[PDB]
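These are the residues of each chain, in order.
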Amino acid sequence: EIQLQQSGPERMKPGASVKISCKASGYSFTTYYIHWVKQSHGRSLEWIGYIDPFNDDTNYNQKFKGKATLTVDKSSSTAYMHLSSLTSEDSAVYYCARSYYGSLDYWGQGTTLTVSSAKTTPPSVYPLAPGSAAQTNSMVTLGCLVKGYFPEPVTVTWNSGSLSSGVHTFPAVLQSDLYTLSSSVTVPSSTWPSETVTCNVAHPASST
Amino acid sequence: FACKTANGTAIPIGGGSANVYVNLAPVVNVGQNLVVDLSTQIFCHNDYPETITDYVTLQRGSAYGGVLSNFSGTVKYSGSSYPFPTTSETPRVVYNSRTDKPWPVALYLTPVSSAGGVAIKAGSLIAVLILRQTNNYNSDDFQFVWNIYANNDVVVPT
Amino acid sequence: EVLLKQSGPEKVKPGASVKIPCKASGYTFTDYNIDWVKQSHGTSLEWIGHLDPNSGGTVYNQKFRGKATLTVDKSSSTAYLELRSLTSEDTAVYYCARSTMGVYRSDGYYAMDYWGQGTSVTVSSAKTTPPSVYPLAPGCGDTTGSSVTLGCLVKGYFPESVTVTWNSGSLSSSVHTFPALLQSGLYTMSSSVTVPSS
Amino acid sequence: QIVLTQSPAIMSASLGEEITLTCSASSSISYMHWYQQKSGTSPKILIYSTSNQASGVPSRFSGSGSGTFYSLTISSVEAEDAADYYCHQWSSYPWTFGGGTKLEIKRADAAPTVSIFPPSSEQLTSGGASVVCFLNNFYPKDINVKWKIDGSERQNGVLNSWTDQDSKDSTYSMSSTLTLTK
Amino acid sequence: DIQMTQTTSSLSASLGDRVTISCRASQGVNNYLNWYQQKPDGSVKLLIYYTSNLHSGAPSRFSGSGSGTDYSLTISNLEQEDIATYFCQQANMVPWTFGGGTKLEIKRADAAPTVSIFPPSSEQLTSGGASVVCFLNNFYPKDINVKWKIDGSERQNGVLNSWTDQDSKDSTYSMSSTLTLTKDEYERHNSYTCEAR
Ligand SMILES: CO[C@H]1O[C@H](CO)[C@@H](O)[C@H](O)[C@@H]1O
């Protein structure tokens, strides 16, 4: 049915400019307006503006004036958002949406943008094992610490997926412009150290 | 707050009525749109931008004549689209300058089944649009009526 | 480039019917409409009807409602005009043309912007007669200058369509063609050329 | 049905001059469109929506008018502007064309370059004969041609044909013939 | 611009319960208030427009009401597919403004954290650093505070935290804390502890 398709994720550098596209299909393109919305980290929605596909008349949010610029290409039914002079605060998800009856009726899938001067970096992995005594007699908690990599994402698994249950993988957090992640699994104390366990980490950006 | 058309006919302060004659496309195919753009025709301004803000809404929009009998469509107004003829009042457009700014209204009408021949006759009334103006400052709420006429014939292949 | 091609001239009997094709090329056939125009007596232009290739819908002129029907074929980019019962009043040149009308044009350009060469239609019961060609040559008293004048005479042909070419088409200037005139139910025309003495 | 009237049906203009063609209508219309048809060629769009030159039309063509009265102006006449001009409206159904106005170029007078041809042997074999006289490259159009046989005038069997005005040298040409038995 | 405030950021509910979410505008919007739903995976779609109108394809469990400055969303039978975040938006005046959001969560029996502490690995020390980490698995509700104590002294810097979303299989929350030092700074102390309540 009605569908809006955006370009893929982008990775830019401070002071640069980026352009993202939204391809509309399934309706008369010039009949309805196209809007743009930005969701930050912490997930609060902010509204950027709208463009008329009929004649390229635009209105912008006063917050994003100078920064943003919308254009449309009615030959191929595609809209463009341009965000220039990027800073660290411009990392977010940007959405394109159609408008009907005062409401953003259909949405695109969302384009993730990262602004960082950092460069590709392979991760360090460190195992975590209990100290002089276990925290509990019945169950033992084992951890894996993945440190100082870039960029996202990174997958982690235990015994090549054998430990499909009882595992936690916390979201990654920035520190020193590099990402850090940790994961934890819990097994019965009769299993470890009798049965071997290993933390398997893969980083596609560095092919690790 | 006052409005005037492209040919210079005005509506004074307080509301009134006026006539608009619009050039249309001569043919609209089955499955295509007849665009009636009124932003290039109707202009409005604010007399005291230093202390008053004006809010302008399309309070009603009605079909007459050939558009009533052969067409269905939607109205395009300040960020979104609504049915035509309108079933409720639209949101607000803000006027805050002493220089004319267009009234951003447009009709996208598409032929219905069983339309044919001369869909719209020249000089016939095809719509009445009501512009409602309210202000921040006091209790004023005035109505500016617009009568839309076809300036040529329109035909639809059968 | 964009080009519309019609058939050759036609001769038909009174009370017959004829169909005229008009093939399109060089552009998206479904992105424009089609018009038909009839030119009678070499001066009087008039509009027959308007056709939508996507759906095949037509807007006729009520003067021609019982006479003409307009049809389309998307699979070959071809439009047709059919005339149902020809009489002496139906002799004219019939033009197909391409029209931008049908959608909203931002620049306001609604026109017949490309025309096909016409198809002449002659309605008569008379039979076809091949022409007779007689060459023209100068006489004895030549008084030849730097250039000389020759010509050809075509006599007794029907219907009215004849093209004269000189020197296998090698010459395209200093050539005069004279319109034909009816003579006892047959046409006749001549042509002339001026060439340097040789 | 709206009737469009062009006056006069024939009009003349010398090279470089400015000349204005006119088309009037029975009832009011919103636009006027102009088509040009050179000799032996289909009609061609020249002006649309009363003021706009089409694609590739030279800027010396302009249009103006309103209501029931419109006009087409050629600022400076070139020799290739000898053609028929038509006015057209689609503002009311059905769409109608004007009657046409022929444009003729005035130039300097020129004498005709005469020729004559006796009947060739081919027609002599069939027993009939036709004598042909040419008159090439002359201005202006009006000219009268007479025949004389053995010192005596012939007053029958003569047929005459005029070409169209040339688009290069703005002249006419004429062919006169006489058909006789043996 | 019109400030739009939602009362509560999180709503506890149980499957089949009747959930209601309210919105409030700093100035009257002549209706023209919409409700959107963002799934945890990040997709957004419209539920209700013009304060009462169901969008095509939205389930019938949703309804809208309100007028002037106060509006509400209602779900008749809360389901598992309906656990997401909800935003109110006004369209009466440009710029369009959104609400803060409200995320739904399932009600649960309280569970205490399963706390653990890990000394730094040998390899980190070989690479000249140290990080001690603390895991707090499967607690409920989501509110929890963590304090780091070194040799009986408090600390407030050099700490990173990470919370997960509510787990689908058992509706419990988890958290990890990491304290990162240099090797020399790590080696000059003896007692590192993680206490959290
Ligand atoms: C001074 O009062 C008038 O001028 C202002 C201009 O904004 C209007 O709002 C108001 O309704 C009256 O028309």
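Along each chain, numbering proceeds from 1 in written sequence order. Entry numbering may differ, and residues lacking coordinates are not shown. Written order determines the labels here, with chains lettered from A and ligands numbered from 1. Remark: hydrogens and water are excluded; side-chain values derive from all non-hydrogen atoms of the structure.

The deposited coordinates, according to the entry record, derive from cryo-EM at 3.1 Å resolution.

**Regarding the overall build of chain B**
Under the DSSP-based scheme used, a helix requires at least four consecutive residues in state H or I and a strand at least two consecutive residues in state E, with every element numbered from the N terminus. When you go through chain B residue by residue, the secondary structure sums to one helix and 15 strands. Radius of gyration: over C-alpha atoms. The globule rule applied is 2.2 Å multiplied by the number of residues raised to the 0.38 power. A compact globule built from 158 residues would reach a C-alpha radius of gyration of about 15 Å, and chain B, at 16 Å, matches this within 12%. When its C-alpha atoms are laid out on the principal axes, chain B stretches across 55 × 30 × 20 Å. Buried, partly exposed and exposed residues are distinguished by accessible area as a fraction of the type maximum, computed with a 1.4 Å probe on protein chains only: under 20%, between the cut-offs, and over 50%, respectively. Taking all 158 residues of chain B together, the buried fraction comes to 54%. Pairs of residues are marked as contacts when any of their non-hydrogen atoms sit within 4.5 Å. Partitioning the contacts of chain B with sequence separation of at least 6, the portion at a separation of at least 24 is 77%. For chain B, the accessible area works out to roughly 6,200 Å², and carbon and sulfur atoms hold 49% of it. Only four residue types enter the tally: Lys and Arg on the positive side, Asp and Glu on the negative side; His and the chain ends are excluded. To locate a charge, take NZ of a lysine, CZ of an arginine, CG of an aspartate or CD of a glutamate. Computed over 8 positive and 9 negative side-chain charges, the inter-centroid distance for chain B is 5 Å. All accessible areas in this document rest on Shrake-Rupley with a 1.4 Å probe, and a residue is counted as covered only by the protein chains that are shown.

**Overview of the environment of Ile48 of chain E**
Residue and element names in this part refer to chain E. In this structure, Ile48 sits in strand β5 (residues 44-49). For the pair formed by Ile48 and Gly64, sequence separation is 16 residues and the distance between their alpha carbons is 6.9 Å. Not counting residues within four places of it along the chain, the set of residues in contact with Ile48 comprises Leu33, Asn34, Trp35, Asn53, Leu54, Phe62, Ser63, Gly64 and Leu73.

**Examining the domain arrangement of chain E**
All names here are of chain E. When the domains of chain E are assigned, the result is domain 1 (4-106) and domain 2 (114-196). Note on definitions: buried area is the accessible-area loss of two parts on being combined, 1.4 Å probe, summed for both. Carbon and sulfur atoms make up 27% of the area that domain 1 and domain 2 hide from each other, which totals about 410 Å². Of all residues in domain 1, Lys103, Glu105 and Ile106 bury the most surface against domain 2, accounting for 77% of the area lost on that side. Salt bridges, as used here, are contacts in which a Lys or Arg side-chain nitrogen is within 4 Å of a carboxyl oxygen on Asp or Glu. On the surface where domain 1 and domain 2 come into contact, there are two salt bridges. As used in this structure description, the phrase polar contact means that two N or O atoms lie within 3.5 Å; if the pair is within protein, one of them must be able to donate a hydrogen and the other to accept it, and residues adjacent in sequence are counted only when both atoms belong to side chains. Taken together, the connections running from domain 1 to domain 2 amount to four residue pairs in polar contact. The greatest single-element share of the side of domain 1 that touches domain 2, amounting to three residues, is contributed by strand β11 (residues 102-106). Residue polarity is assigned by list, with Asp, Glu, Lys and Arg as charged and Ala, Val, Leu, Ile, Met, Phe, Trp, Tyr, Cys and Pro as nonpolar; anything else, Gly included, falls into the polar class. The residue inventory of the side of domain 1 that touches domain 2, partitioned by class, reads one nonpolar, one polar and two charged. Residue ranges labeled as domains rest on an automatic or database domain assignment.

**Describing the sheet that holds strand β3 (residues 17-25) of chain A**
Residues and elements named next belong to chain A. Strand pairing requires that DSSP identify at least two bridges connecting the strands. Here four strands make up an open sheet; going across it, the order is β1-β3-β8-β7 and the pairing antiparallel. Single-partner strands in this sheet number two, and they are β1 (3-6) and β7 (68-73). Strand-to-strand twist in this sheet, taken as the mean axis angle between neighbours without regard to direction, amounts to 20 degrees. As paired elements, β1 and β3 share four bridges and run antiparallel to each other. For helices, the fitted line uses only the C-alpha atoms of the stretch in contact; every axis is such a line through C-alpha atoms, and the angle between N-to-C directions lies from 0 to 180 degrees.

**Quick word on the pairing of strand β8 (residues 80-84) of chain B**
Residues and elements named next belong to chain B. β8 sits mainly inside the fold: four of its five residues count as buried. With five bridges connecting them, strand β7 (residues 71-77) and β8 associate as antiparallel partners. Within β8, the position partnered with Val75 by the bridge is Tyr82.

**A short note on the interface of chain D and chain C**
Facing the 35 residues of chain D at the interface are 42 residues of chain C. Summed over both partners, the interface of chain D with chain C buries about 3,300 Å², with 65% contributed by carbon and sulfur atoms. Across the contact surface, chain D and chain C share zero salt bridges. Applying the counting rule to chain D against chain C returns 12 residue pairs in polar contact. Elements represented by at least two residues in the side of chain D that touches chain C include exactly β4 (33-37), β5 (44-48), β12 (113-117), α1 (121-126), β13 (129-138), β16 (158-162) and β17 (172-180) of chain D. For the side of chain D that touches chain C, the residue count by class is 17 nonpolar, 17 polar and one charged.

**Notes on the pattern of salt bridges**
Throughout the structure, instances matching the rule amount to 26 salt bridges over all chains. Note that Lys76 of chain B and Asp52 of chain A form a salt bridge whose closest N and O atoms lie 2.5 Å from each other. Here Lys76 of chain B, found in strand β7, pairs with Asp52 of chain A, found in the loop between β5 (45-51) and β6 (58-60), and the two come from separate chains. Linked by salt bridges that have partners in common, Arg60, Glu78, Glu80 and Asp81 of chain D make up one network.

**Focus on the arrangement of the chains**
For chain C and chain E, which are not in contact, the least C-alpha distance works out to 28 Å. No interface is formed between chain D and chain E, the nearest pair of C-alpha atoms being 38 Å apart.

**Some thoughts on the site of the ligand**
Residue and element names in this part refer to chain B. Neighbouring residues are identified by heavy atoms, a residue being near a molecule or strand if any of them is within 4 Å of it. Near the ligand you find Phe1, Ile13, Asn46, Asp47, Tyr48, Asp54, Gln133, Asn135, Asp140 and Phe142, and these make up its full shell. Here an oxygen atom of the ligand sits 3.5 Å away from a polar atom, N or O, in the main chain of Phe1. Take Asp54: an N or O atom from its side chain is 2.2 Å from an oxygen atom of the ligand. Starting from 320 Å² of accessible surface for the ligand in isolation, the protein chains cover 82%.

**Points about the state of the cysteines**
Residues and elements named next belong to chain A. A pair of sulfur atoms, both from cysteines and within 2.5 Å, is called a disulfide here. Applying the stated criterion across every chain, the model contains seven disulfides over all chains. What pairs with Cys22 in a disulfide is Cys96, and their sulfur atoms sit 2.0 Å apart. An S-S torsion of about 65 degrees defines the bridge between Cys22 and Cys96 as right-handed. Taken together, the residues span a long stretch of sequence, with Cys22 in strand β3 and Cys96 in strand β9 (residues 92-100) at a distance of 74 residues.

**Let's talk about the sheet that holds strand β14 (residues 146-150) of chain E**
All names here are of chain E. Ordered by their spatial adjacency, three strands build an open sheet running β15-β14-β18, and the pairing between neighbours is antiparallel. At either end of the open sheet lies a strand with only one pairing partner, and these are β15 (153-155) and β18 (192-196). With direction set aside, neighbouring strand axes in the sheet form an average angle of 35 degrees. Bridge count between β14 and β18: five bridges; the pairing is antiparallel. For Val146, the partnering residue across the bridge sits in β18 and is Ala196.

**Focus: the nonpolar core**
To form a nonpolar core, buried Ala, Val, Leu, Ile, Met, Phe, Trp, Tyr and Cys residues must be joined to one another through side-chain atoms within 4.5 Å. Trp103, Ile120 and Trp146 of chain B are the most contacted members of the largest nonpolar core, which totals 109 residues. Among all residues touching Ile120 of chain B, those that are not within four sequence positions of it are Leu24, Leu34, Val67, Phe71, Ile126, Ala150, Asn152, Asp153 and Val154 of chain B.

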